Amino acid sequence: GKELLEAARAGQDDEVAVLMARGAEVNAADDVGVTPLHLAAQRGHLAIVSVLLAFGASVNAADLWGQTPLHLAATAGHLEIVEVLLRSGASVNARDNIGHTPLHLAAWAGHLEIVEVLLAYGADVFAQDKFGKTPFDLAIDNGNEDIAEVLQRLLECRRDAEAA
Amino acid sequence: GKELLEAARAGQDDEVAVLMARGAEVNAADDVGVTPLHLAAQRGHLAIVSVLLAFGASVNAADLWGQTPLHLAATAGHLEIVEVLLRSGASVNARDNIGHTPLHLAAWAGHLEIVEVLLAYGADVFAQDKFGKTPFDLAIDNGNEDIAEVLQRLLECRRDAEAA
Amino acid sequence: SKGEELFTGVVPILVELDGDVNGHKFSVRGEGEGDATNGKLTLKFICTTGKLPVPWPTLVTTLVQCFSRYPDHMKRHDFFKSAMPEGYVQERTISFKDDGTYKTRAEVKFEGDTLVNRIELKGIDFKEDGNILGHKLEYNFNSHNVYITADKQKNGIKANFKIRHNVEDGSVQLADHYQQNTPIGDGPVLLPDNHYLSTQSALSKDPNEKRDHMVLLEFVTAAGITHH
């Protein structure tokens, strides 16, 4: 019941396999809403995420803070986890409590290939947040240089396409 | 890999789910055509059968002697294995090289409840084999008492229904 | 600079506030997690003394600026992680416009492997029909900038900013802040340059809770030295 989450936090993959052979609920949250998938999504653990996903798991489970596994895997920088999470039906337009999308966090941290993946899977550029800023703004006021470059390319492409 | 068959042969559950957490082919045969599912079907485990089945496995894979997991689980006497094998789409009318059905072997060994289950899952009574004998014959020449009674009940019911 | 290197992963945070406002005492115990690599704070606070007398948005700034994201070319200006793991002391005087004031003293330091922040708060001169303790403040919080400069006389930093709190009727109550951060260790620290720190946050509530509480998510970064 409760010694599952401990083994996901801790990187104990063999203990996860042992608990999944026996009866154990993958969808368990302790005090805040947080899942073994959430915990193996913060720290890269591609093996534990894949085995929790193959046994069936809530791919889009709401944290108490509104976060889903995709938000944590986009914030951290693990590309392979983001690929296997997106291929399994995760939503690319899920919102944070501040209003952030996964693309907002990927532009905030400064990972390039994760932005290229989220752009290739249906994330939109000029979606506001609750304080009113787009991912281009977060890219420019945080010293990220080439994230802002491909975002400015997409904005100019849309604007020049509308001008005709 | 080839370390998996030792794992199921042993009864080592934890070492089966560890090898399955890694990349491992469930459909592996060493010298004779025999599968980790076949090995956990000869001896009795419910746990390895269920974890090998959840990871996807050929439920009815022909042994060199023509046996499938259902034949071995009907000869041995493991009822829960027969229930979980039948619920997973195993064929009840697979034939042996000598011509036997799972009902033939269940009548030969003398398990009553396995006969009642296979009768409830679509096995027929008066199906011949290559030497020409029905399960009722095996029941009468092997000291099984109530098996012959429920088989003769079904045979007489079918014959008297045809008589009108 | 080992104190900088120890923030490399997630750090669990516990915070305890013993406050007394006009003789009315209360406690706030908060627990949560923080990521200093990407300036993220996820916290949850509970009042262990019954109903809270003061609205939550006034207490958020009292309730760990060592979890602010500094970019690489500004790693030369990070004072807070330099003062670890010994800790430091923060002194704040909070001036509420046309109301009373707060005076708060805090210590921020590691206990075991958990960053604790202890805080003693004293609030005076508030009028009993004032919008603070008349519970007229709105449950939302805004983005802000905080201006920071050095102080070699106390070997720490001086900090100022000004918060706009949201009222029901659209009005805005302003609170000014004065703050000194001085270490308790005697070793070397980083004396920073004149710059500022940007902050976004969000306040919410837990669905299955019966005590008085708050759930907080926060993002903080630093800027001003716009070098290439």
# chains A, B, ... in the order shown; residues from 1 in each chain; ligands from 1

$ residues_around --residues "region 175-188 of chain C" --least-positions-apart "5" --cutoff "8 Å" --atoms "only C-alpha atoms" --output "list in words"
residues 82, 83, 86, 87, 88, 89, 90, 91, 92, 93, 94, 95, 96, 97, 154, 155, 156, 157, 158, 159, 160, 161, 162, 163, 164 and 165 of chain C

$ residues_around --residues "residue 80 (chain A)" --least-positions-apart "2" --cutoff "10 Å" --atoms "only C-alpha atoms" --output "list in words"
residues 44, 45, 46, 73, 77, 78, 82, 83, 84, 85, 86 and 114 of chain A

$ select_by_dssp --residues "region 4-221 of chain C" --states "alpha helix (DSSP H)" --output "ChimeraX atom specification"
/C:4-5,56-59

$ interface_residues --of "chain C" --to "chain A" --cutoff "12 Å" --atoms "only C-alpha atoms" --output "PyMOL selection string"
chain C and resi 9-10+31-33+35-44+69-74+140-144+197-209+214-228

$ closest_atom_pairs --of "chain B" --to "chain A" --cutoff "8 Å" --atoms "only C-alpha atoms" --output "Markdown table"
| residue | atom | partner | partner_atom | distance |
| --- | --- | --- | --- | --- |
| B:13 | CA | A:21 | CA | 7.8 |
| B:14 | CA | A:18 | CA | 5.7 |
| B:17 | CA | A:17 | CA | 5.7 |
| B:18 | CA | A:17 | CA | 6.0 |
| B:21 | CA | A:17 | CA | 6.6 |
| B:22 | CA | A:47 | CA | 8.0 |
| B:47 | CA | A:21 | CA | 7.5 |
| B:51 | CA | A:21 | CA | 6.6 |

$ atom_distance --atom1 "CA of residue 6 (chain A)" --atom2 "CA of residue 90 (chain A)"
24.3 Å

$ atom_distance --atom1 "CA of residue 212 (chain C)" --atom2 "CA of residue 169 (chain C)"
24.5 Å

$ decode --residues "region 52-86 of chain A" --atoms "N, CA and C atoms" --output "PDB file, in the first residue's frame"
ATOM      1  N   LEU A  52       5.581   1.090 -14.573  1.00  0.00           N
ATOM      2  CA  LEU A  52       4.338   1.566 -13.977  1.00  0.00           C
ATOM      3  C   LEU A  52       3.306   1.878 -15.040  1.00  0.00           C
ATOM      4  N   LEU A  53       3.757   2.225 -16.237  1.00  0.00           N
ATOM      5  CA  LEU A  53       2.834   2.565 -17.303  1.00  0.00           C
ATOM      6  C   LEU A  53       2.290   1.319 -17.977  1.00  0.00           C
ATOM      7  N   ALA A  54       3.104   0.265 -18.078  1.00  0.00           N
ATOM      8  CA  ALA A  54       2.652  -0.956 -18.731  1.00  0.00           C
ATOM      9  C   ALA A  54       1.631  -1.704 -17.888  1.00  0.00           C
ATOM     10  N   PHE A  55       1.701  -1.577 -16.568  1.00  0.00           N
ATOM     11  CA  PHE A  55       0.705  -2.181 -15.694  1.00  0.00           C
ATOM     12  C   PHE A  55      -0.556  -1.349 -15.570  1.00  0.00           C
ATOM     13  N   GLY A  56      -0.662  -0.259 -16.318  1.00  0.00           N
ATOM     14  CA  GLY A  56      -1.836   0.583 -16.268  1.00  0.00           C
ATOM     15  C   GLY A  56      -1.709   1.599 -15.159  1.00  0.00           C
ATOM     16  N   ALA A  57      -1.761   2.880 -15.499  1.00  0.00           N
ATOM     17  CA  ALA A  57      -1.594   3.932 -14.512  1.00  0.00           C
ATOM     18  C   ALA A  57      -2.231   5.199 -15.052  1.00  0.00           C
ATOM     19  N   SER A  58      -2.659   6.063 -14.141  1.00  0.00           N
ATOM     20  CA  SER A  58      -3.233   7.338 -14.545  1.00  0.00           C
ATOM     21  C   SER A  58      -2.136   8.199 -15.145  1.00  0.00           C
ATOM     22  N   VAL A  59      -2.149   8.336 -16.470  1.00  0.00           N
ATOM     23  CA  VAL A  59      -1.104   9.097 -17.139  1.00  0.00           C
ATOM     24  C   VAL A  59      -1.265  10.574 -16.836  1.00  0.00           C
ATOM     25  N   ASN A  60      -2.493  11.025 -16.605  1.00  0.00           N
ATOM     26  CA  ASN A  60      -2.767  12.426 -16.310  1.00  0.00           C
ATOM     27  C   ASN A  60      -3.506  12.491 -14.980  1.00  0.00           C
ATOM     28  N   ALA A  61      -2.745  12.414 -13.894  1.00  0.00           N
ATOM     29  CA  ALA A  61      -3.289  12.431 -12.547  1.00  0.00           C
ATOM     30  C   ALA A  61      -3.006  13.778 -11.904  1.00  0.00           C
ATOM     31  N   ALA A  62      -4.047  14.414 -11.391  1.00  0.00           N
ATOM     32  CA  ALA A  62      -3.940  15.777 -10.895  1.00  0.00           C
ATOM     33  C   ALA A  62      -3.237  15.783  -9.545  1.00  0.00           C
ATOM     34  N   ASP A  63      -2.112  16.483  -9.462  1.00  0.00           N
ATOM     35  CA  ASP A  63      -1.530  16.794  -8.170  1.00  0.00           C
ATOM     36  C   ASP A  63      -2.433  17.753  -7.399  1.00  0.00           C
ATOM     37  N   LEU A  64      -2.130  17.897  -6.110  1.00  0.00           N
ATOM     38  CA  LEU A  64      -2.766  18.936  -5.310  1.00  0.00           C
ATOM     39  C   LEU A  64      -2.419  20.320  -5.840  1.00  0.00           C
ATOM     40  N   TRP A  65      -1.199  20.493  -6.333  1.00  0.00           N
ATOM     41  CA  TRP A  65      -0.766  21.726  -6.969  1.00  0.00           C
ATOM     42  C   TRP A  65      -1.127  21.792  -8.443  1.00  0.00           C
ATOM     43  N   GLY A  66      -1.963  20.882  -8.928  1.00  0.00           N
ATOM     44  CA  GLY A  66      -2.412  20.923 -10.301  1.00  0.00           C
ATOM     45  C   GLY A  66      -1.468  20.309 -11.308  1.00  0.00           C
ATOM     46  N   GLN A  67      -0.322  19.798 -10.878  1.00  0.00           N
ATOM     47  CA  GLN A  67       0.661  19.258 -11.799  1.00  0.00           C
ATOM     48  C   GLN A  67       0.307  17.838 -12.216  1.00  0.00           C
ATOM     49  N   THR A  68       0.740  17.465 -13.416  1.00  0.00           N
ATOM     50  CA  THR A  68       0.592  16.113 -13.938  1.00  0.00           C
ATOM     51  C   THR A  68       2.003  15.567 -14.112  1.00  0.00           C
ATOM     52  N   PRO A  69       2.198  14.277 -14.408  1.00  0.00           N
ATOM     53  CA  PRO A  69       3.564  13.791 -14.665  1.00  0.00           C
ATOM     54  C   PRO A  69       4.288  14.501 -15.790  1.00  0.00           C
ATOM     55  N   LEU A  70       3.564  14.978 -16.798  1.00  0.00           N
ATOM     56  CA  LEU A  70       4.216  15.637 -17.919  1.00  0.00           C
ATOM     57  C   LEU A  70       4.867  16.942 -17.488  1.00  0.00           C
ATOM     58  N   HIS A  71       4.251  17.663 -16.551  1.00  0.00           N
ATOM     59  CA  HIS A  71       4.851  18.901 -16.068  1.00  0.00           C
ATOM     60  C   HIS A  71       6.198  18.641 -15.414  1.00  0.00           C
ATOM     61  N   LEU A  72       6.275  17.623 -14.560  1.00  0.00           N
ATOM     62  CA  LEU A  72       7.530  17.327 -13.881  1.00  0.00           C
ATOM     63  C   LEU A  72       8.585  16.811 -14.849  1.00  0.00           C
ATOM     64  N   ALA A  73       8.185  15.989 -15.817  1.00  0.00           N
ATOM     65  CA  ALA A  73       9.169  15.493 -16.768  1.00  0.00           C
ATOM     66  C   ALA A  73       9.601  16.559 -17.758  1.00  0.00           C
ATOM     67  N   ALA A  74       8.796  17.602 -17.954  1.00  0.00           N
ATOM     68  CA  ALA A  74       9.209  18.708 -18.805  1.00  0.00           C
ATOM     69  C   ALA A  74      10.063  19.699 -18.040  1.00  0.00           C
ATOM     70  N   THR A  75       9.801  19.855 -16.744  1.00  0.00           N
ATOM     71  CA  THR A  75      10.609  20.747 -15.924  1.00  0.00           C
ATOM     72  C   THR A  75      12.002  20.182 -15.719  1.00  0.00           C
ATOM     73  N   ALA A  76      12.105  18.872 -15.489  1.00  0.00           N
ATOM     74  CA  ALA A  76      13.399  18.291 -15.154  1.00  0.00           C
ATOM     75  C   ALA A  76      14.327  18.283 -16.362  1.00  0.00           C
ATOM     76  N   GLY A  77      13.896  17.677 -17.460  1.00  0.00           N
ATOM     77  CA  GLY A  77      14.700  17.679 -18.665  1.00  0.00           C
ATOM     78  C   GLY A  77      14.903  16.308 -19.266  1.00  0.00           C
ATOM     79  N   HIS A  78      14.165  15.325 -18.772  1.00  0.00           N
ATOM     80  CA  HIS A  78      14.287  13.948 -19.235  1.00  0.00           C
ATOM     81  C   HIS A  78      13.535  13.780 -20.545  1.00  0.00           C
ATOM     82  N   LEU A  79      14.271  13.623 -21.644  1.00  0.00           N
ATOM     83  CA  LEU A  79      13.629  13.576 -22.954  1.00  0.00           C
ATOM     84  C   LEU A  79      12.900  12.259 -23.182  1.00  0.00           C
ATOM     85  N   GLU A  80      13.528  11.135 -22.831  1.00  0.00           N
ATOM     86  CA  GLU A  80      12.928   9.834 -23.107  1.00  0.00           C
ATOM     87  C   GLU A  80      11.647   9.628 -22.313  1.00  0.00           C
ATOM     88  N   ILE A  81      11.604  10.143 -21.088  1.00  0.00           N
ATOM     89  CA  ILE A  81      10.381  10.064 -20.304  1.00  0.00           C
ATOM     90  C   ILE A  81       9.283  10.904 -20.936  1.00  0.00           C
ATOM     91  N   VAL A  82       9.631  12.060 -21.497  1.00  0.00           N
ATOM     92  CA  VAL A  82       8.608  12.870 -22.143  1.00  0.00           C
ATOM     93  C   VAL A  82       8.101  12.178 -23.397  1.00  0.00           C
ATOM     94  N   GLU A  83       8.981  11.480 -24.114  1.00  0.00           N
ATOM     95  CA  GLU A  83       8.541  10.755 -25.302  1.00  0.00           C
ATOM     96  C   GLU A  83       7.591   9.622 -24.938  1.00  0.00           C
ATOM     97  N   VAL A  84       7.954   8.816 -23.938  1.00  0.00           N
ATOM     98  CA  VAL A  84       7.097   7.692 -23.586  1.00  0.00           C
ATOM     99  C   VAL A  84       5.823   8.165 -22.893  1.00  0.00           C
ATOM    100  N   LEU A  85       5.841   9.334 -22.254  1.00  0.00           N
ATOM    101  CA  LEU A  85       4.622   9.867 -21.664  1.00  0.00           C
ATOM    102  C   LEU A  85       3.689  10.425 -22.721  1.00  0.00           C
ATOM    103  N   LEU A  86       4.235  11.068 -23.747  1.00  0.00           N
ATOM    104  CA  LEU A  86       3.386  11.618 -24.791  1.00  0.00           C
ATOM    105  C   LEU A  86       2.827  10.528 -25.687  1.00  0.00           C
TER     106      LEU A  86
END
